[PDB]
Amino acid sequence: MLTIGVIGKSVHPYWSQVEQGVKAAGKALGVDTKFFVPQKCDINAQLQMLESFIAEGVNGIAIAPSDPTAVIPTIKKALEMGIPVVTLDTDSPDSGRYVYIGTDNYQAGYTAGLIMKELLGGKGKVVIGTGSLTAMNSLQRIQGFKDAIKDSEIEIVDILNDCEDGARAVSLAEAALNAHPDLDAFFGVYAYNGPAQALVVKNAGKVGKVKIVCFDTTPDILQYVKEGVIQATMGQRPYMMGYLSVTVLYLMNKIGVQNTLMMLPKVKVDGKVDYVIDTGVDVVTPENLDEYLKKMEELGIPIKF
């Protein structure tokens, strides 16, 4: 039968959610799946594991590269052995990989924007909390958000860069609160941010007056949603990433690579045809939170808080 290899990034619960998508797809298509994650971030553990899958003679590989560049030659090698590659979670656009599957950050960002727009009624002042001003994921989530509220009176008054630091994030949010007494909303870009913002809003005795829209579905964030402090967060879909990474790789064995591409979404990059699947985002909210929990339970994903 078939053997497909899937390589994550580290042990994190996120990557267990990928693991389960992987496994669900194997059952439903009747294929064997081998999922691997080193204990912690380590390209060499990945790159060697890639080598193992190749040696072992698997039928399909899906990787989420910790180093988008270092993987390239190894991936090239697998393709020459007739092993199909695809990428999930984080892309290596120049690696030879047939398909990328993961969150579309611009598109997500946009989603959060429309959500914000609706919550504020087209009018308001917003502060953004992010952890980087160079990273693509951060820029795209912000580009999307910006574009979504453009045609409204809504106004972004600041963009606080805590440089990957929650301590700072908290301080930064407080500063904005003190600088802007009439602030209407926070928008948080990385997973750190919604809760940092929520901590500050709650401490300020400003729940509901100051709205919060942000990213991801960590137990701290779900807690804040339950408490009615965060009105909406963009939950990503790691499960669907591994799932479709398997399916897509399965089809490439069954109906060929060419026929599989033809089914998939088509993007051009500087005249070059590419294929990319956006796993999208769940818009989780105080009112639909119970539903989201069940959905997750059913997928066999546990949820702490």
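One-based numbering along the sequence shown.
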Stretch exceeding the other in mean C-alpha B-factor - 104 to 112, 202 to 210 = 202 to 210
Entry-level comparison of average CA B-factors, 89 to 97 and 125 to 133, reporting the higher stretch = 89 to 97
Given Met234, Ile72, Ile83, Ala173, the residue at which the Cα B factor reaches its maximum | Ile83
At the C-alpha atoms, which of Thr247, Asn259, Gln46, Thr279 reaches the highest B-factor in this entry?
-> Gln46
Would you mind ranking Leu177 by its C-alpha B-factor against the rest of the chain and naming the third, lowest, middle or highest?
-> highest
Assigned third (lowest, middle, highest) for the C-alpha B factor of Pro265 = lowest
Sorting the chain's CA B-factors, does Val18 end up in the lowest, middle or highest third?
-> highest
Just say lowest, middle or highest third for the CA B-factor of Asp274 relative to the other modelled residues in its chain.
-> lowest
Ranked C-alpha temperature factor of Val283 among modelled chain residues, by third = lowest
